[PDB]
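**Q**
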Ligand SMILES: *[C@@H]1O[C@H](CO)[C@@H](O[C@@H]2O[C@H](CO)[C@@H](O[C@@H]3O[C@H](CO)[C@@H](O)[C@H](O)[C@@H]3O)[C@H](O)[C@H]2NC(C)=O)[C@H](O)[C@H]1NC(C)=O
Ligand SMILES: CN(c1nc(-c2ccc(F)cc2)cs1)c1c(CCC#N)nc2ccc(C3CCN(S(C)(=O)=O)CC3)nn12
Ligand SMILES: [Ca+2]
Ligand SMILES: [Zn+2]
Ligand SMILES: [Zn+2]
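In my numbering, the protein residues as written are 50 to 834.
(1) Classify residue 778 as buried or exposed, calling it buried when 16 or more other Cβ atoms lie within 10 Å of its own Cβ.
(2) Within 7 Å: the Cβ of residue 207 and any heavy atom of ligand 2?
(3) Can you tell me which of 269, 270, 208, 274 puts its alpha carbon nearest to the alpha carbon of residue 245?
(4) In chain order, what residues have a CB nearer than 6 Å to some heavy atom of ligand 4?
(5) So residue 299 is in the beta strand (DSSP E); what residue range does that whole segment cover?
(6) Go through the residues and name those whose CB comes closer than 5 Å to any heavy atom of ligand 3, in chain order.
(7) Starting from residue 502, trace the alpha helix (DSSP H) in both directions and tell me its first and last residue.
(8) Check the DSSP bridge columns for residue 91 and list the partner residues they point to.
(9) Kindly indicate which residue of 289, 698, 673 has the alpha-carbon position closest to the one of residue 658.
(10) Would you mind working out which of 431, 511, 420, 505 sits nearest residue 468, comparing C-alpha positions?
(11) Hey, could you find the ends of the beta strand (DSSP E) residue 228 is sitting in?
(12) Candidates 131, 76, 286: which alpha carbon is nearest residue 95's?
(13) Return the bridge partner residues of residue 909 from the DSSP annotation.
(14) Using 8 Å as the Cβ pair cut-off and three pairs as the minimum, do the region 280-291 and the region 328-339 touch?
(15) Could you round the C-beta distance between residue 529 and residue 544 to whole angstroms and report it? I think they count as a contact, below 8 Å.
(16) Please go through the same chain and pick out, in chain order, the residues whose beta-carbon is closer than 7 Å to the beta-carbon of residue 122, but skip the five residues on each side of it.
(17) Ends of the alpha helix (DSSP H) at residue 330?
(18) Express the C-alpha separation of residue 491 and residue 181 in angstroms, rounding to a whole number.
(19) Identify whether residue 799 lies in helix, strand or coil by the three-state DSSP scheme.
(20) Between the region 346-354 and the region 404-418, can you find at least three pairs of beta-carbon atoms closer than 8 Å?
(21) What does a CB cutoff of less than 8 Å around residue 458 pick up in its chain, not counting 5 residues either side in sequence?
(22) By how many angstroms is the C-alpha of residue 783 removed from the C-alpha of residue 399?
(23) Run the CB neighbour count on residue 268, radius 10 Å, all protein chains shown included, and call it buried at 16 or more, exposed below.
(24) Given 7 Å as the limit, tell me if residue 864 has its C-beta closer than that to any heavy atom belonging to ligand 5.
(25) Whole angstroms is fine: what's the gap from residue 272's alpha carbon to residue 521's?
(26) Could you compute how far the alpha carbon of residue 460 sits from the alpha carbon of residue 702?
(27) In angstroms with no decimal places, state the Cα-to-Cα distance between residue 720 and residue 771.
(28) Keeping to the same chain, check which residues put their C-beta closer than 6 Å to that of residue 438; ignore five residues upstream and five downstream.
(29) How would you label residue 237, buried or exposed, when you count the other beta carbons within 10 angstroms and need 16 or more for buried?
(30) How about residue 543: is its Cβ closer than 7 Å to a heavy atom in ligand 1?
(31) If you drop the 5 nearest sequence neighbours on each side, which residues of the same chain put their C-beta closer than 7 Å to that of residue 523?
(32) Do you know offhand how far residue 291's Cα is from residue 277's?
(33) Given a cut-off of 8 Å, decide if residue 440 and residue 227 are closer than it, judged by their beta-carbon atoms.
(34) List the endpoints of the continuous beta strand (DSSP E) containing residue 812.
(35) Quick one: give me the first and last residue of the beta strand (DSSP E) that residue 825 is part of.
(36) CB-CB under 6 Å to residue 696, same chain, minus the five flanking residues each way: which ones, in chain order?
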C-alpha cells in the first residue's frame, strides 16, 4: 500500500493494488502516501547558495546536500550553484561529432520535449525571453516551422506525432468524437479516452517496446508540476542498464493554456514562454550534471499553433437553418454535423452554402474536402463538415454558447483550423549527437516525425504516412537509406498500327518517334507505374503521355512551357474536333457518342490546344488519346488554368514543366482506386469518370535558369482539383473566372506525394539530384500563406 521505493514506477501495478505511476492521479488510484513522497514541493526546484552542503531534510523537493548525487535527487542546478559549474545555456555551441555516453549505453537516449500550442512565431521572441530554447535552436537542427495535421487540435496532433499517421488512419479524428460501431463518445474529460479501443496505429512507445527498447511513460497527470516531470525523466536516466529506458517524453499544457486566455500575442504570454524555457534549462542543466548532455538527442516540438479568436466572432447555424434542434454539432474552429436520431444532408449543405456575403465557414461533404487534409476515411468523421475561417467559431445556436456573467469571453485564442493557416504552425528543434550542427532545414509536416524518432532509436517504423528518407537531411547519421521503387508495369511504345477507316468513334474533325520530345517534355524521366496495368507511351511535338488502355485515357500528360511561350486559340474550325489515334486500337479508345448520350458530361484535353507550338502541332491536341471526361462546370476551371494560368506560371517561373492527369478516389481513402472501385462512367460506356484532376508544375528553384536547363534543386507546386458538376464550392463562381478559379486551386494545393498515393505513379525518377532530396521535394506543400 506504499509508494515508498516506487515513485513514477515504470511497471504500473494492476487493479486493485494502489499505484505510484505517472497517471495514478488521473485514475484516482495513487497509494495514500503518493503526494507525500512523490510530489514533494518544499523549497522549490532550485538550489540556493545557503542550501549548498545543507543537512538533508527529506521533505524537500530536491536536494543540495553532499549525498544528493548518491541519492539521485540533487536539484538540476546543484553543480552550478554549489560546485562552480556553468549553466548549459552559458556554454557556447559545441559540435557533438559522436555520442559521448556512459558504458552500458547501447544507443543515445531520445527525449521529446513537447509543448502544447507553441506557435512557430514564438521563436522570434528571442534569447532574452527564452535563452535555453534559442540555444537548442541555433546550436542544433531546426525548421522555420512544422505543419500540424487537421484538425489542429491536441489529441489528433499528439497521436500523429506518436504514430506518423493521419488522424483518419490513427482514429483520433478530434478531441471529441462519436463512433457508431462502439456507440460511444470520446471526450477530453472523463476516463473513456484511456480505453485502448480508440487508439489505432502503433505509437512510438509501443514500437520501442515491441523491438526490445524500453520507453518511459510519455503521459503525465496535470497535477504533477513540470519541474517534477523533468526530475523524474532525469532520475529514470540513472536507472541500471537493464532498466533504463531509451525513449522519454515531457509534455506541457503551456503555452496553450495561456494562449487561449490571452490570445497568442497577448503580452501575458511572455511569462509562460519564460517558464517553459526555465523548464528546458532544468532539463539541460540536469543532463549536464549527469554528463549526458553530449549523449542524449532532444526534440523540442509543439502540437499546433494558436490564433486570435473571440466569442463575438461566432457564426450560428440557427441563422441559416430552421429546426436546428434536429442536429448535433461538434462546434468551434471546425464543424461536424450529424442527425440526433427533419434531418436531410442535401438540404443542410444547400442551406449552408454561399448564403451570406461575409460567411465565415464553408460546408462540405467530407469526400469533397481538399485531399491535402486527408480527413474523410474514418467512420468517426461525420459526412457533413464545416471548414471555419481563421479567427472564427461556428456554433449551433446562441444559447448553446455562454460568455462569463461579466459579459467577457472565456477565451481570446483558439486553434483547430485548416493546417495550412499560418497561425496553426508549430515548432521543431532537434539537438544532440544524431542531429546536424547549426543547421536550418525546410519546414515539414509532423507526420514525418515518427520515422525520424524511429531512426534515432534504431527502430523499424510501423507502416505510416511519413515518407521515410524525406528528412534524412536532418541527421548526421542515417539508419535508413531510401531506395526508389521498381516499376511494375512497362509501357508499350506503339507506332502507326491502324488506319483512319478502322475507326468508328462517332467523332468529327476538319482535317511520332521519340526524338527530342522526351528530352524537352519529360524533364525528370518518365513516371513509373507502380501497379499492374497496360499503358502506352505516346509522343508528340508538344507533349508526351502515358495512355491507359484500361481507363481509356492518360495516366499522365507531360509538357514544358517556356517563359516566352505564346498562347493561341482553339481555331473555330477545330472547336469540336476529336481525332482517332492511329497508334491505339479503336477498342481501347474513347468515343464521342458516349458524350452525346451523356447529358451531364462533356470532355476536355490534358495537353492544352492553347499552348501548341504551331498550327500543325495543334492537331495532336485533339487526339482522342488526349481527352478526358469533364463536367461543363469543371471545364470553366480547367480552361482557365490551361489558357491563362499555365502561361502566367511559365512567365513567373522562367518556364514550367506540367504533368496533369486524372485521379479516381470514389472511396475517399486517398489511394488510387481499382477499376472495381469506380462508381461512375460516361453513360453507356466504360469510360470511367475521374473524381479529381491533378497537375504538377515544376521549375528551377534558381529562377535565373529556365525550367528545361536547371542544374540545381527544383521548385514545385501541385494541385488536386475536385471534378465537380457545379461550382457551388466557389461563392464568386457566377463572376468571371479571374475572380475565383485560382483561389479554388490554392485551396486544393497538394504534395506530389499525395498525387503519387492517388495515382500509383512515381515521379522525378531521373534527375541530377539525390533521391533523399527528391523525397523532400515530393513532400513539399505550397501553401500561399
Ligand atoms: C497512411 O498510412 C496507413 C498505414 O500504412 C495506410 O493504411 C493502410 O493502407 C493499406 C493499403 O490500403 C491497408 O492494407 C491493405 O488493405 C487492402 C484493402 O483491403 C488489402 O487488400 C491488403 O492486403 C492490405 O491489408 C492497411 O490496412 C492500412 N493500415 C491502416 C493502419 O489502416 C493509409 O493508406 C495511408 N494513407 C495515405 C493517404 O497514404
Ligand atoms: C496522446 N497523448 C500524449 N502524447 C504525448 C506525446 C509526446 C511526445 C510525442 F512526440 C508524441 C506524443 C504525450 S501524452 C496523451 C495525452 C496528453 C498529453 C499528456 N500527458 N494524455 C493522454 C492520456 C492517455 C493517453 C493514452 C493514449 C493511448 N495509449 S496506447 C493504448 O496507445 O498505449 C495509452 C495512453 N495518451 N494521452
Ligand atoms: Ca481510393
Ligand atoms: Zn494542443
Ligand atoms: Zn488549446
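Ideal Cβ placement from N, Cα and C applies to all residues, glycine included.
**A** According to the structure data:
(1) buried
(2) yes
(3) 208
(4) Per the Cβ criterion, the list is 165, 166, 203, 305, 352, 353.
(5) 296-304
(6) 714, 716, 718, 720, 722
(7) 498-505
(8) The partner list for residue 91 (beta bridge, DSSP) reads 109.
(9) 673
(10) Among 431, 511, 420, 505, the Cα nearest to that of residue 468 belongs to 420.
(11) 226-228
(12) Residue 95 has its Cα closest to that of 131, out of 131, 76, 286.
(13) Here the chain has residues from 50 to 834 only, and residue 909 is not among them.
(14) yes
(15) Going by Cβ atoms, the distance from residue 529 to residue 544 rounds to 43 Å, so no, they are not a contact pair.
(16) 111, 112
(17) 319-338
(18) 22 Å
(19) Looking at residue 799 - three-state DSSP - the assignment turns out to be strand.
(20) no
(21) Cβ-Cβ distances below 8 Å link residue 458 to 359, 360, 361, 452 in the same chain, with the five nearest sequence neighbours on each side left out; the list follows chain order.
(22) 16 Å
(23) exposed
(24) Since the displayed the chain opens at 50 and closes at 834, residue 864 lies outside it and no answer follows.
(25) 38 Å
(26) 44 Å
(27) 15 Å
(28) 409
(29) exposed
(30) No - ligand 1 has no heavy atom lying nearer than 7 Å to the Cβ of residue 543.
(31) 190, 479, 484, 485, 490, 501
(32) 24 Å
(33) For residue 227 and residue 440, no; Cβs fall outside 8 Å.
(34) Unbroken run through residue 812: none, as it is neither H nor E.
(35) Run containing residue 825: none in the beta strand (DSSP E); it sits in the alpha helix (DSSP H), 820-828.
(36) So the qualifying residues of the chain are 616.
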